[PDB]
Structure formats: C-alpha cells, structure tokens
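First the structure, in the form of structure tokens, and then the observations on it.
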Amino acid sequence: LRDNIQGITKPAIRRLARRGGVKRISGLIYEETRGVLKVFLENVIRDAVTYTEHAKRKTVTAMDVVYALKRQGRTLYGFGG
Amino acid sequence: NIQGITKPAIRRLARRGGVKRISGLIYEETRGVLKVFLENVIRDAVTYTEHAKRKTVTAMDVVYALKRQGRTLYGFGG
Amino acid sequence: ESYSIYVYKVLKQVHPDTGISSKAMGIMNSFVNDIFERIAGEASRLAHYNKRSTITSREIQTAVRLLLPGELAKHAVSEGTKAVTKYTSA
Amino acid sequence: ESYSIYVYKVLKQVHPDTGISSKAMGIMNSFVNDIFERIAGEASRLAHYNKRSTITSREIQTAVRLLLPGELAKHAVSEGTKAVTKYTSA
Amino acid sequence: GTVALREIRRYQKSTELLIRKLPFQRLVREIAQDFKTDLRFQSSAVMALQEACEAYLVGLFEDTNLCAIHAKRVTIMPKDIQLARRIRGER
Amino acid sequence: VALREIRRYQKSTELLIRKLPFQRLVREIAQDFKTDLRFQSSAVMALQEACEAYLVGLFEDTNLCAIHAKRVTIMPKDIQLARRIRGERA
Amino acid sequence: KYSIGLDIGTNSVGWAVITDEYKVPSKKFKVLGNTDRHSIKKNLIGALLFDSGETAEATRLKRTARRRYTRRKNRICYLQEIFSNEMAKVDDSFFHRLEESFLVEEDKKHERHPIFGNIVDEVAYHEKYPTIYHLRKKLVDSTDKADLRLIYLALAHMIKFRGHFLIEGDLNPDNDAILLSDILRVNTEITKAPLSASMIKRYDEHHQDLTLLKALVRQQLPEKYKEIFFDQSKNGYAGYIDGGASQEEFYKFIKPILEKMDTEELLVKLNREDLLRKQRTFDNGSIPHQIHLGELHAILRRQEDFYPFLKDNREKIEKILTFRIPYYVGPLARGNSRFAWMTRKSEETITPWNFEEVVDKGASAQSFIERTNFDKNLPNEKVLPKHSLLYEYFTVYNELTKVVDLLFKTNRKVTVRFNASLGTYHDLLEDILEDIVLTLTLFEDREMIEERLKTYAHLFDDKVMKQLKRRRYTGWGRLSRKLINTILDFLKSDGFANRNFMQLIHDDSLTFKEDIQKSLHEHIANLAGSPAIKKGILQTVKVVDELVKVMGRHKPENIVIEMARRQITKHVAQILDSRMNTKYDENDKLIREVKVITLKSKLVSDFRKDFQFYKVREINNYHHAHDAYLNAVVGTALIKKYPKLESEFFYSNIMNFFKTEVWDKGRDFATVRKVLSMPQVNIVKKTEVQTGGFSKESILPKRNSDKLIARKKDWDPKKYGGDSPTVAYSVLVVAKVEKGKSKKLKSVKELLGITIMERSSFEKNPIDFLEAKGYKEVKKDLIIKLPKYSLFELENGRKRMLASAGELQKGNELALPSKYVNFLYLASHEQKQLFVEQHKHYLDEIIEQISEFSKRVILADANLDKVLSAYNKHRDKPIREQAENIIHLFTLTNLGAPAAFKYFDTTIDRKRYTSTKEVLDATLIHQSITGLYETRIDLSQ
Amino acid sequence: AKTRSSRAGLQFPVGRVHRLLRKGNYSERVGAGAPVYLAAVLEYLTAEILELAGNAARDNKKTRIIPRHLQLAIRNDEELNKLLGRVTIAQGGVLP
Amino acid sequence: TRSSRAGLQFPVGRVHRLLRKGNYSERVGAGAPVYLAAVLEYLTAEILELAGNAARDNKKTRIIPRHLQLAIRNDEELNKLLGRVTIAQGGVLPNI
DNA sequence: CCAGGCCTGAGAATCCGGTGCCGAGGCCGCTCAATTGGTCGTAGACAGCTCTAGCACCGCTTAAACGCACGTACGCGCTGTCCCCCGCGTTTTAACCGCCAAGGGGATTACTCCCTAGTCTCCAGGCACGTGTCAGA
DNA sequence: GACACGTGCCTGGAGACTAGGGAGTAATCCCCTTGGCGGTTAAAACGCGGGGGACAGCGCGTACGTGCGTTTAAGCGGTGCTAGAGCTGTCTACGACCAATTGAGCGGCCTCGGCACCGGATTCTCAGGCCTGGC
DNA sequence: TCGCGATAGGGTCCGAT
RNA sequence: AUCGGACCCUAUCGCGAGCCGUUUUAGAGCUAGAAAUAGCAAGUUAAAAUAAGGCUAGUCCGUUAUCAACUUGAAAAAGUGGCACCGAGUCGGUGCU
C-alpha cells in the first residue's frame, strides 16, 4: 500500500471542507489537510498500538483506542472509557 | 480597580509578547481577557480555600487550580 | 457494566413520550463514565491536597463546583443537598 | 520534601563547572514532582485498564514510552532497563 | 453558491461519514504495521477512528475558516491551517 | 525603539506588572467571591506570574494573526479571534 | 571507454571526463580526516584556477638596480680610500660623521654638523654656498688652496651622480656643439664647466621669482598667499618644496592663481615651465658624463698644485669616474654567480684599474655571446653566424633548388623574385673567411676585434684591417659547418634533378642521414615563452597525470586541448604525447592509445550559437569549466564523424550535419543540457606561498605604531620611519598565551601572519620565532603552515578563501540554470523580443535567485537592500539595460575578493572580510592540486 | 425499601457507584453520603441532557432518541458546551 | 541502601514511599520505583545538561531559572513535553 | 585591477577594575524516614481450551471518482487615500520600600468520638436473552 | 430489525455488627498578614506631531467552481476458516505487614564569597577610505 | 627612463616531409 | 600540420647605464605670543639607504620558476583515498567491499 492518504479521495476531503463550511477549497489545501491528517493518524496510531502491546495481546481493541484518544486529549463517546 | 494594571504595564506585556504597535482598544480588551481569566482562576482558588476551611490563600492552592484549568507553571513550591 | 436501566428510568421520568436507541444508550453510558472519572479524580486529588484521606460529600460538591459552569453547578449543588438530606432522613 | 541535594549531585555528574540558583532549584523540584505525578498517574490508569492490580515495571515502561516522546526516552528506558538489571544486580 | 449551500445542507443534515471506508481501513492497517506487524484490528475501532478523525478535521477546518474570515479572504490557504494548529498547539 | 524594547523585555526575566496594584486587584476580586480571605505574598506573586504567563501566551498568537491577515501590528479582533481559535473564550 | 577534454586559459584550466556515450562519469572519492562524511561522489569535470604567472621582468629590474647601487657604493668607497691619505690630516671624524649623518643626534656618535662639526662654519658654508654647485664653481674657477673637505664633497657629488655614457669619447661643449643648446643657456667661456654656471642660473631664477611671487601674493591676494604657502597638502609652493608635489601639478595649481592675479613675467615663465625648479629634475638625466669628466679634470688642475696625493692619484680618480663595465662582460662575479660568465686572469679583487689586466675581455665576451642557441638538428653543434659565406651558399642553393656565378657572385641582390644576397662577399673582395665572419659577429669591442684579427693581420693591408674594424655583423643562422658539410657539393651540381636540401636531410641513401639518426620541470623551463603560460602548461600536465591516477593507469581514449589567442598549443600537445604515450611497439613507434585533438574556438562558438550555449564571462567561473566538456564533446563528436578530420568548401561547411534544420540529435544534446544543468563543477584554486617584494616599495614618515618594519636594524621604525609588508603563508599557532592583567596562559589556536621577511627566520628556527612572539607550549607537530588561497567551507556551503591572516576571500560560485543564461543572452541581443516578453518573469526569477543566494552565502545586508531598492525603482526601465545591470551585478558574490559595482549608477562598495574567527571553526580543507582528493579537518584538536 | 437510592428518592444505584469508587482506589476510606451526592449529580446531569435530547427530538420529528440527538443538544447549550467542548460524540454530526 | 543497591543517585526509597502513599495503585512491583527513579534521573540529567551549557553560553556559572526556560523551550522534544508548563521567571524564548 | 595593511573614522562590541551584598554553603544538632530480616496469601503468570470474530477473498454494480473545458468570480498588487498610535517632552502619582503593631488565624497538639472498612448474611434488582411489534429508509 | 417488556435466576447491593483511627474540636502560641505611615521616585499619564500604519477600489490574472463526460474500486455480499481474545483453573514470586535498626537527611544557622553593578577603558573590526615606484 | 646582445613568435612570400 | 631563407612586426630573456622619487638627519628661522597667537623670514641643497640582510665575502647574491598532506627522502621521485548502476541546486542513492 502506498499513498492511501492520497488514496483518501479528494472529493471526500471536499465533503469534509464543505462540512467545515469553507467557501473556497483548493488542491493546496487538499494536500496540506492530507499531511495534517497523516500526522494526527501517526500520533494516535503510535499511542494506540503502544497500549495494544501493553495489553499483552495481539489484536487491537476499541477500548484501547478510547484510552489513546484520552491520552491525546480528545476523549471519545459510544464505547465506554 | 482593574486599572491597577495600567496601560504602560499592558504595553510592557505586549512588547514582551513582541507586539509591534498597540492600539488603544487593545489595552481594555486585554483587560477584559485577563479579567475573566483571573475571575475563573481565583474562583477555583477560593473554592479550594473554602474546602481547606482556612481563610488565607496558599500558593500551592493556586498551583492546584492552575493545574486543573490545564495551564501549569513550575516552581512556586509545587 | 452499564448505567442502562437507570438511564431508561430517568428518561421515562423526564421524557415518557420518548424512546432511546442502543447507540444513544452507549453514548449516555460513556458520558456518565467520563463525568464519573472526572469528578472522582478531582475529588481524590483534592482529598490528597487536604492531606485527609476520607471522602466526605463536601469534596464532591467543591469538585463539581470546580467542573461545571456556575449556575448549572448551583443546580447540581441543590440536587445534591436534596439527595443527602433525604438519605439522612432515610 | 525536596530533592535539592539529589539534583545538585546529578548536576555535578553532568556539569561540574556550573552553579544553580535557589529559584532554579525550586523550579526543578516542581518539575520532578510534576513529571513524577503525570507518569505515576498514567501507570495507575494503565494498571486499572488492563485489570492489573499491581504496578510492576513493564507497564510503567509502557507509560514512559507513551508519555515521553524522547527519541532517547527508550535510551532512558534503557537506563531504566540498565537500572532494572542493576537492581537485578542487587 | 446556489448548489454550494445545498451541499452544505446535505452535509449538516446527515451523520454519514464523508470518507469511504476502504481508503481508511487500508491506511490505518498500513500505519499500524509500520510500528509493529503481526497486529490485528477491531473493525469497530476503525470506525471510531474514522469518526474521531473526521471531527478533528471539522474543527481544524472551522478554525481555518475563522482565520480566512479575519483575512477578508473567502478562499482559505494552507498557511491558515498551519497557523490554527500552531495556535491550537498541535505539533 | 520597539525592537530594542522587545529585545530588552524578551531577555529580561523580571515581571512586568508591578506588585502592589495587582495585589489590591486580587484582593478586590476575592471580595467578589468571599469576604475576609487572606493572600500570602507568595500566593499573590504566584497569581501574578501565572497571569503574565497567560498574557504572553495570548500575545504570541496576537502577533501570529497579523501575517496571515497580511496585517501589520495588532487589532482587538485578532485577540478575540485567537481566543475563539483556542476555544477558551466562551 | 573515456576521453578527456582540456581548455587551458591564462588563469583557468578546465578539464572534463566523458564516456563513449558523451556522458561525464561521476566518481565516489573517500574523504579523509576526522569529519562526519567520509566519502562523496563528484562529477569528473572541473577547473584549476591559479594566480597568473608573474613575469620575471620586475625581478630583473630590481636586480639591475641592486647591482648599480652596489657599484656606486663601491665607487664612493674607492674615492674615500683615495682621499683618506690626507683626510687623516684633516681629521678622521669627518667621514664617520658623514656616515652618521642619517642618524639622529640622540643616537649620533658625533656632532650634528657633517662638514665642520660646528654651527658657525656650517652656516657660513651654506650662506656662501647654498648648493654644492656653488662650491663647485668656486673650485673650478678659482685656483686658491681649498679645504680638503670641500674638494672631497665636490668630487663625491660629481661621482655619485656622474651621468650617462650615451655618446662615446669626450667632448668640450661650447654653446657637434648642437647637443647642449637647451639646458646650459650660459656662456661657456667664463668657466670650462658650464654645468655649474647653468645650475646656479637656475638657482637665481628660482630665487628672484620666489621673491617676486611672494611679494605679489602678499599684495594682490594675501589670504591666498597664507592659505597656499602655509600648508603643503594643497600641493602649492610649500607642497612643492616639502610635500610630495610633482612640479607639474604645482604648475597646474599655480596657473589659476597667476591668471586670477594681475604677473606677466611669472606667467610666461610658467608657460616656459622654467620659473621655479628643484635643482634636481626628472629630465636632467640627459646630462652626459663627459662634462663631469672635464670639470673634474679642470678642478684637479686648479687644486692639485697644493695637495700631492691628488696629483698622484689623478689618473686613479679619472678612471674611477670614467670607467664603466663593458656590457658584453655582464656580471663581475668570481665564478660564484648563476648569472656570471666573466673570466678573470688574476684572482685578486677587481678594481677600477686592474680590470684591464685581471679580466680577459675577449673570453668573457665570447662566453656571453655563446650562451644564443645552438644547432637545432644537433644541439651540441653551435649555430653559424647569420652572414656566414657557407651559410650564404646554403641559402642561395636552397632558393636555387628549382633552377648565378655571373649574377650572385658579383651583384648584391639578384632579381628575376628571390631572397638571397652575396653582397657581403662583394664587400670583402674559405676556412679563414668563416673565421673572419665569426670574429666579426662574435665580438663587438673595436680593440677586442683588433686583437682577434691580429692573428691573421699579416695578410692583406692594415687599411683592410680598418675596414674589418668598421663593419660588424649581427645575428645567427641555424646550422653548423659540419652539419652543412657533401651536401653543398651536390647542391652545386646534382646532375639532372637538383635535390632540395631538406630532401638530402631526408635522403637515406647517403651517410648524412645516418649521422642524422644520432626531466619534466627542467625541460618545460627550457622552453621558450612567457613564464605564465609555462606555469599553466606545467599545471595542466600535472592535472592530466592526476586524472590518469584517478583512472588507476587506465589510459583515456581522446585528449582535447584548447587555448585562446599556434605553436604553444602544439608544444602542449607534444609534451602530453611524450609523457602520456610511454609504450612503444616492436617497430619503435609511439602508439596513441589516447588520440590527440586540437580544436579551434570559433567552431565551438558557432556550435554554442546554433544550440543556445552562449558563454558569458561575467557568470561565475563554472561557465569556463563547462567549455572543457564542450571542448571534449564536439571534438569527440568530430573525430568519430570523420577519420580524415582526426588525421587533421566542406571544411568551411563542416557544421552542415550538426543541424537537423557518431552523433545523436536527442541523446547528445540532452546530455549537454544536463551537464550545463548540474551545479557542482570542480573549480579548484591553486594554493602556494607568496613570492614577491617584502613590502610596498614606498617608505613612510615616523610614527608611534608597531605596524612599521624598520628599514634598517638599528634605525627605530617609530623614529627613523621605514614597511607595510605583504604576508606569505600563515602559521597556525596553537599554544597558550598571556591574557588579561594577570596574563593567564590561555589556549589560543589562531592565524599568525608570516611575511616573506619572516620566512627565513621561521624556517631556520620555528620555535625561537614563535617564542619571540610570546607563544608558550610550542607544539611543533601541531605547527601548521597555511599557504595562501586555501579553501574553507561554512555550513550552508558558504566558502572562505584563505587570503590573509586577518582577511578572507569569496570561494562560492552560484551555478546558474542554463535557461537563465540563454534568456540573458537574448536580452543582451524578432524571436528575441518575444522570448524576452515571455521571460520577463524569468528575469524576475533570476534576480530573486541571485538575491536569495546572496542572503544565504554572502550575508551582506546593506548593499543587498540598496541594490534591491534600486531594482524596484528601475524595474520599469528597459529589459535589455536591466539585463546589462544584472550582468554587472553577477560579481556581487563571484569568486575572490569582493569588488565595487554600479547597479545603474549607484556604486556598491566591496564588503571586505576582516576577521578570521569563523575560519577557526570551519573545516580546514587540504586538497590535491586537481581537487578530486580531499582531506578536511576542523581546527579544534 | 431496600435500595438506598429509593430511600433517598434517587434513581442511580448508590451501591454501584460506591463499588466503582472503591475499585478506583481514590482512597482507602470513602464516606457514605459521598456516593449519594455523586448519584445526585449524575441524575441531574443525565436528566438535563435527556430533557434537551427529547425536546430536540420533538424538534426533529423523532419519538426515540438517536445518538446524534445528544450531540445536537450539547452543541445547542453553551453551558454544557464549555463542559464537553473537546468531547467527540460518535455519529454526532457537524455543529448545526 | 536501596538506592545504593541500585547505585543510582535518585531517592529510590522516597519514590517507593511516594507511589505507595499516593495510592496510584494498590500494589507496586519492587523494580517499579527503581525504574521511575531511573527515568526521572535521565530526564533531569537531560535538563541539567541543557541548563549548564546554556549557562556557560550566558557567561554565568550559576543557573537562574531563565536557563531552564531557554533550554527546555529551545529543545523541540522538551518543548512538546513541557508544552503546558510555564517556568517561573522564565521570560519568553528569544523568538523574533 | 586588486586586494592587503592599516588606519582611520568611528564605533561595535568587549572587557573588566573596582566594589559590595546577599544567597551559597557549610556546620549544629537532631529522628523520622529509609533500610533490612522474616513471614502469608495473594496477583498474576501462565497453560489449556475455545470459539468467536477478524482475517481472507473476490467480483457485480455504480455512484462517486477522476479528468477536463470553461468562466466566473476571487486573491492581491497597486495605487490612492485617510489618520490613528508611537516616540517623546513634560508633569503627576501612587509605586517603592522600610518599620512596626497585632491578632486572626494557621500550625501544632491532645481529647474525644463517630463513621467507615471489614465481616456476616440476607435476598431480590438486575443481568442477558427471547418475543412481539412498531418506527423506519 | 431494533426496542421495550416479559422472564428466570444469582451475586452484588443492602441491613446489621464490630472496632478503630481519621477527623472534628477545642485550646495555645506565634507568625505572616494587613494596615497604615512616612519619605522618596521612577513610572504613569497627558499631550503633540508625524509617519508609517490603515484601508478600500479596481483591475487583472488566475485558480477554483461548475458543468460534462469518463473511470473506477467501495459497498454489498456471498463465502469459510482460524487467531488469538478470552475464560477458567492451578502454581507461585512477591509485596505487604510486622518488628528492629540505623543514621542519614532536613531546617536553622551564620559567614563569606560569588557573582553583580558599573563607569571607564579596550579590543578589534569593519566597511568604507586610502594607497600602493616610476622616468 | 637610455644603451647592447640573444631567443621566440605572428604573417606573408621564395623553394619541400 | 612542418622546413631554411627573405621582408615587416612583436614578445621574452640576459647585461651594462643613468635620473627622479621617497624617509631620516645637516641647512642656527626671527621676533613679539612665556603658552596656544600672529605676522615676518627663508624655503633650491647635502649625506646614507633604496627590499631585513646572507655567505660563497664576490665591485656576488636575496621578489623568476616550483610548492595539498603523510611516508620513503637531502633532493629527486614514487605511493598513499575503490568498482559498477540509477538520479542532480554544488552533489543525492544502491550493491561487493
């Protein structure tokens, strides 16, 4: 797999930005958002997998993602935690 | 009242922040921002104080309140 | 673990003309967990800053006053006073 | 409680030809207490989350890696690892 | 603008994800394997990450829109996103 | 002279707001929430230090606004925008 | 597999390596030292840069000056030894005071007054004799007994500046007499020495005109009088007497005063440029020595009646002044000079008198003349004189080859024309004749020629002897007697076919062709040419050898050499062939495993014009190095195309297949474009030790400053003036020196400048030199010689050339994209205007790129801001002119010392690099001369 | 009555929250009215949010409570917004 | 002594007592306080090194908190680490 | 030309010589906190076993993706305008600061006592699963 | 097809006992805080002028919005297994607890010395000025 | 700046490897 | 591309010769002004050096040329730092090593 963040379709990010309510959406903004989301994903995945290896288990549990999102500072609803 | 933080003091703080030019309205709006910040901070401080049931305010208590607000500073006996 | 049935009871008492979805149940439960952890951690940290281990209700009330905004906090304080008064009577 | 003598000794271990002011001493002491509190809290939470009742060394290592972003934090971990082995030496 | 506002309405009326799942499932799988392989995923966890990330983008985008509004510029710039993140303290 | 003053204060660690007026302000705001509470001078300088910290944290983004606005210097709109972006305001 | 292209310039020699596919190899080279990176790849194209090879003429001039000064001092010492006999009677202290005169009274051993030692007599002398010429006239006219000091001073003055020997013999001028009309202007019957009278007349003119001018300025414009005459910086009269004011600029300053004031006599005399003159003049060097001889002899006759030793030594002094070393003799060394050939019959010290007996004039002259060139075919055999009768036969028959006894043997020249002459033989009327010709050409002193021809003077007449003395030949032929002869007999009569001489040279049938078959630095020095091109050729040979080293003895395929405005290039070619092709097959034949290529720059220029490869000198040196690649590619692209070309209308149209409107249109062109594109080119500046004058040849007045280097050991620089030296290689002084009032021994590892004056002392003993400077803990092995023009590198690629101990030069050279260069050329020169319109934004990009490169490397704030301001203000100006101004601007960051430059008219001063602190931290990079090998070590140890 | 919450007229189980706190190890000794007060605060917060969700459901023509309804409600009220600003409710939908 | 048993300068005994009394967990492995001591030792070592080099660059052998502020902020890893922290009498980073 | 010295103006930065004061820095005396030996039952380590749900796997459909043409309207550069704080001169003010009085309250201490942890034991509220039914896309 | 209600059983929640130590409570001493006072003082404040700092309109270039036409694997789903979560059940390494020991480590103390302040050079340096062997 | 001597070296011819 | 000659035109190199120029000291500056202040008077010349100096001591030589760094060495001179391929903002990357 390569450039799946680029594989995140530009019209999808167009929907994201319009849901953000921006008037004008540009390819420069598209790639910048791709990069920022990649950074955030890398952080959250690093923390979550750190929890996962801690859990002495091989699979990833959603509760682990709840914990990691708490650790980043953005708590999540719907599963517990 | 609030004006114990006179405009030159606000200007000094802004220059320490690196502000190039300081509008006159900047002083009063900054007064408002710091006013609400002080409001909430000392409010939590006095809350901890009442739970301590000791009327005087302790620096460790303002450190605690600053921690809970999520903005922390070192060194004051913390 | 779940607060589910109590959530249903309270919802009926507050909104009988209403149902609640499973995912809504989930979010309710998670929110209750979040607020419970916030209040419990604040209460314990305050208790340690007291140097006193015992958790009296006043630690809870001061922590709640710290967390919620003012008027909502006052409503909560009133509710807590009512509850503790009823239990003392009971 | 203060760690002034400890930090002073370590400062000599790292910068013999340097001094430190009392203000810097107190600030560093607050720093020690801060980082200790944060890391201990993460260890406690992780112990509870995986039902772990006891705080050993592996979960606090996980807490270290999670909290500390240090590239040499694992090296710090290695130091702890060395310390572990050193305490294993003991 | 005429269809732009209708698109706005469609996006705010709904709760559907604005990212098709596969470009996200595969991406999260790859990023997880980056740190360590032999790792298996909870699909509901992937959904949780999907929603959280989308909302994160939503907040970042509205911050960008605020910056553009102050800039008298209905067109955002990536500099606006980076400024928001810096002000946000995101690194 | 603005650049020179900026250098002077950026290097200088000393506080910028004089103590006693700020102390009286703290006393008055305390009156708003309870009467007959005392402030240790250590606590007053603690508040003052935290305040200057928060103010400079505001001023950094205050400066940050101008470049993206293509703006020179600052307007209160920039400060309220920064507060909104941080979300601490309201 | 690979070929090498060379373009050799007076200061830059570009070399390039290409493959069979017109591609430049890029090679990884291991980087030594204690740095981070240990090996780096670079392209195999670069250029060696070096300071031009300074001509030896300045050294020769100062040599001759040194010799002349020494000989003048010898003359004065000779006269001093003559006069000492009765100078002892007139006290010895006199001469010692003469020597001490330069010293101050604070240090003088004796009185301040040279002549007398007392105030009154000295002042009386000056009053009666303001100049030495007045005492000179008193001595020449009067016959009274005079003080020995006076006569000594007079003779010494007429000797130390004796004049010239432009005209042989002696004359008695009396204004043949047409030589001295302009200067003397005084009747010669009053005294036999019109020189002194003329000089005193100039004195008197000066005196009266000064009185008149001073009175006039006091009257008309006294304020101008005081302002002009008080200060010498105005270069007025005061400046002309005391300050360094040329009399010409004095006249220039006086003319406005003279015209403003109203005076006529001074004005017209100023137009005559004779009104007010220093008694010594620039022009009076025209004065002949013979008048000095005459006046000296006259004064002797006046005064020798009283002083016996003056009469006894009269001929001694006469010769001492009149004697002059014959030019053919050369140096007077006793065999101890690399430049001396003189032969001395007597071992005793040569003196103005023994030279006639000691020196064998004929032998020395013969050695001098023989030292020309000898026969080219056989170097051992000497060349015959140009007018040799056998040589005349040789050239006559060489010209007669295609076709005499009646015409050439009687007529000076023979027309049909032809270019030979037997006129010398006609004037004359075989072995003895050749001897006569050799004697005539070889020797030039009439008496020497007389002695040479005395051997056979018994023949013919003494009038014929005078005729032989009258006529002298000059020059040389090419060949010796034996080499010519035999050949001349066959040339005289060869049967049917009259073979040419060179044919007989190449004729194997005779035994004459059988007779015919009979160090890099030293040989290249033995070549003929300017020393600069010799330095360039030695450097390029060394570069070729190091290139072969990089290939590990793998010989190239083709070597192309180019030089701009030819025999010198072919010298380069044959030297490279001799040293590079070292393997000979069984046929004793050289093999060109590497082909040899000479090219014409005009063809390369046409190629660049056709393919938009316009070179611009103003661009950084990189461009010239790129030409090497071109000099290879095209040359290779030529030789593979036509073997007849590499053996060397159609030659005038060789470029026909170059254009589409062995070679590829696409691949070769794209490789050329990419080679132009690649930024890194191995520009190497040579590094060595400065060799030149000690200091500025000018001396300064005294001052309390350590800057001054004393002109003499015992003469204090702060008192006796005397400096401003140039610096040779510096010394890395790592030691501990005193710091502060307590003089703590703190560690300093910095640059200590070493002048050439200090080079001998340091190399004799570095430790004593350093500790005399105040250094302690002399670490001998850490003593590092730093020759000038080393290279250093900063973080961003910024470079610092090691010029001075305290100063630095620019080492960076921004590479320019080829499209920038093409657009710049078009701006400098229908499609051109449209392209300029399309690429005005490209010009903006170019100027932005140069601005950012400056901001990154040079770090020059004020000048950059000024040039940018001017750019904004003049951006509306025509694109062509703005392009010219950017062409000027390119030097802002160029290699070497910064220079001032005008944007449009605003001048931008050079930003000098007066500190070396940064170099103490930057990596110190020793480099192999070609530059491919590198060794970088930080100064920190 | 058995349930002490019913004794005090409370919906949330005082015993459950007491056990939760004891598992939390916030202190080896916890008061008895403290779980009561905590259950009170929980009931009031849940009640306010449930009432707002039901009213927004009446606005949204849905009798049952969808998960996104809570998000709409919280976004509507600034007082709760300050509490849950960072909170990200699943399927919550953009701020309307 | 226990720290001497570890031969590491930080107060192992005091750290153990802190983690016990703080009641972060009911039970603590013996190696855990040692490990915390070690990681704190490395962190304070990094900080002290940065502070000392900053001080020697400031031509003052004694460290005023300004040194801590400049050292921690200038270092990117620490700056992210102590992002929320304010060093008393720290001043601002010399950022222009 | 050019490019080093130097000098020169000047002036940019250094350095420090002398002085002076307050926090380092170390002793005084004391004890609580660290350390250590020996036991118990306990958290969890780990194996067995399982059995779900995550992995694997792919292709029919098509709506969203992807791409491209055009225009339209948006960014901003430029210019022209308009004026509002910055720097500074001067005057005013309470900032600064040193002093003590003083007692409320904080710290410290012993008395007392209830409320909470642990334990026993009581027993049903709620755990999860099925069903019937009705809101929903 | 998801939710509310019905449904049956158990272990967590409750009711009561016990004993204990945390905490409240009052009592006393002294300390930091408040206050106020006095005698300065540099910073605050008022005003002024100007200069850059603000600001908007237009015009253009251009890039994004919009429309149209085309492409493509996401969604659905249809299909089967097994990987490791996860649950239980036994063994045991250890941490706590207990008691015993030990001085090491802290606050309080005074003295001095370790930078700090400064008024005056002092270095060197730099960015441009000068100047530099010839008839 | 004067002399004197010698070598190359460019550029055009008269003959030739 | 070369060869000798002839004619013209230049450069280089070597040698013998001057003359300035410069920098000190010798050309008693005088009065008033003690002293800054002004006037006046003169003002032309002379010695010694013209790279420090070295030894080979010559009526010589001391600015040409050569000259990364190490070792071999006196000097000379040699060696001393890979090979292939993909790219190019001062060089990036892979493999054997």
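Each chain of the structure tokens is named A, B, ... in the order shown, its residues numbered from 1; ligands are numbered from 1 in display order.
Near chain D, counting only C-alpha atoms at 10 Å, the chain H residues are residues 23, 24 and 25 of chain H.
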Taking only C-alpha atoms (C1' of nucleotides) into account, which residues of chain I are within 10 Å of chain K, as a PDB file with N, CA, C and O atoms, in the first residue's frame?
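Done, and the output landed in result-v3.pdb:
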ATOM      1  N   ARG I  27      -0.934  -2.172  44.731  1.00  0.00           N
ATOM      2  CA  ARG I  27       0.333  -2.861  44.903  1.00  0.00           C
ATOM      3  C   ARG I  27       1.320  -2.390  43.846  1.00  0.00           C
ATOM      4  O   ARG I  27       0.929  -1.974  42.751  1.00  0.00           O
ATOM      5  N   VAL I  28       2.605  -2.432  44.188  1.00  0.00           N
ATOM      6  CA  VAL I  28       3.659  -1.968  43.293  1.00  0.00           C
ATOM      7  C   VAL I  28       4.816  -2.954  43.312  1.00  0.00           C
ATOM      8  O   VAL I  28       5.329  -3.295  44.381  1.00  0.00           O
ATOM      9  N   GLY I  29       5.242  -3.373  42.114  1.00  0.00           N
ATOM     10  CA  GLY I  29       6.410  -4.263  41.985  1.00  0.00           C
ATOM     11  C   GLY I  29       7.652  -3.592  42.526  1.00  0.00           C
ATOM     12  O   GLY I  29       7.748  -2.355  42.424  1.00  0.00           O
ATOM     13  N   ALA I  30       8.588  -4.374  43.059  1.00  0.00           N
ATOM     14  CA  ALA I  30       9.784  -3.819  43.685  1.00  0.00           C
ATOM     15  C   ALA I  30      10.619  -3.025  42.691  1.00  0.00           C
ATOM     16  O   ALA I  30      11.193  -1.989  43.042  1.00  0.00           O
ATOM     17  N   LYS I  60      27.728  32.854  32.843  1.00  0.00           N
ATOM     18  CA  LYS I  60      27.400  32.872  34.264  1.00  0.00           C
ATOM     19  C   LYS I  60      27.329  31.435  34.749  1.00  0.00           C
ATOM     20  O   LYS I  60      26.481  30.664  34.290  1.00  0.00           O
ATOM     21  N   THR I  61      28.227  31.076  35.667  1.00  0.00           N
ATOM     22  CA  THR I  61      28.314  29.691  36.114  1.00  0.00           C
ATOM     23  C   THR I  61      27.073  29.255  36.883  1.00  0.00           C
ATOM     24  O   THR I  61      26.719  28.072  36.857  1.00  0.00           O
ATOM     25  N   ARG I  62      26.398  30.180  37.556  1.00  0.00           N
ATOM     26  CA  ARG I  62      25.208  29.850  38.323  1.00  0.00           C
ATOM     27  C   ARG I  62      23.976  29.897  37.431  1.00  0.00           C
ATOM     28  O   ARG I  62      23.841  30.786  36.586  1.00  0.00           O
TER      29      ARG I  62
END
When DSSP works through the backbone of this structure, what residues of chain H end up as alpha helix (DSSP H), shown as number ranges by chain? H: 4-7, 14-24, 33-59, 67-76, 78-84
Mind checking which residues fall within 10 Å of residue 80 (chain A), counting only C-alpha atoms (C1' of nucleotides), ignoring those fewer than 3 positions away in the same chain, and posting them as a short mmCIF file (atom, residue, chain, number, x, y, z; two decimals) with N, CA and C atoms, in the first residue's frame?
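And here is the file that came out, part35.cif:
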data_model
loop_
_atom_site.label_atom_id
_atom_site.label_comp_id
_atom_site.auth_asym_id
_atom_site.auth_seq_id
_atom_site.Cartn_x
_atom_site.Cartn_y
_atom_site.Cartn_z
N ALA A 62 -11.18 -1.71 20.62
CA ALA A 62 -11.66 -0.34 20.53
C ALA A 62 -11.42 0.42 21.83
N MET A 63 -11.59 -0.24 22.97
CA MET A 63 -11.31 0.40 24.26
C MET A 63 -9.90 0.94 24.31
N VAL A 66 -10.06 4.17 22.73
CA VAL A 66 -10.65 5.10 23.68
C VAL A 66 -9.57 5.65 24.60
N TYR A 67 -8.78 4.75 25.19
CA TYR A 67 -7.69 5.17 26.05
C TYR A 67 -6.75 6.12 25.33
N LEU A 76 -13.50 10.12 23.64
CA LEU A 76 -14.45 9.61 22.66
C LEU A 76 -15.63 8.96 23.35
N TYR A 77 -16.79 9.04 22.72
CA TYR A 77 -18.03 8.53 23.26
C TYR A 77 -18.54 7.34 22.46
N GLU C 1 -20.62 -3.85 32.69
CA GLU C 1 -21.05 -2.68 33.44
C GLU C 1 -21.85 -1.74 32.55
N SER C 2 -22.91 -1.16 33.09
CA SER C 2 -23.69 -0.17 32.35
C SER C 2 -24.63 0.54 33.31
N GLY C 26 -25.38 3.77 24.47
CA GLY C 26 -23.93 3.71 24.54
C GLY C 26 -23.31 5.05 24.87
N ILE C 27 -23.68 6.07 24.10
CA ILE C 27 -23.14 7.41 24.33
C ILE C 27 -23.49 7.91 25.72
N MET C 28 -24.73 7.69 26.16
CA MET C 28 -25.10 8.04 27.53
C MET C 28 -24.17 7.37 28.53
N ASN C 29 -23.97 6.07 28.37
CA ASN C 29 -23.12 5.34 29.31
C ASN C 29 -21.70 5.89 29.31
N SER C 30 -21.16 6.15 28.13
CA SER C 30 -19.80 6.67 28.03
C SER C 30 -19.68 8.05 28.67
N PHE C 31 -20.69 8.89 28.46
CA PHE C 31 -20.70 10.21 29.08
C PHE C 31 -20.75 10.11 30.59
N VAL C 32 -21.58 9.21 31.12
CA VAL C 32 -21.63 9.01 32.56
C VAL C 32 -20.27 8.54 33.07
N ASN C 33 -19.62 7.66 32.32
CA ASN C 33 -18.29 7.21 32.70
C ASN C 33 -17.30 8.36 32.72
N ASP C 34 -17.35 9.22 31.70
CA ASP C 34 -16.43 10.35 31.62
C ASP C 34 -16.61 11.29 32.81
#
Which residues are near residue 671 (chain G)? Cut-off 8 Å, only C-alpha atoms (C1' of nucleotides), ignore same chain within fewer than 4 positions. Put them as a PyMOL selection string. chain G and resi 22-23+667+675
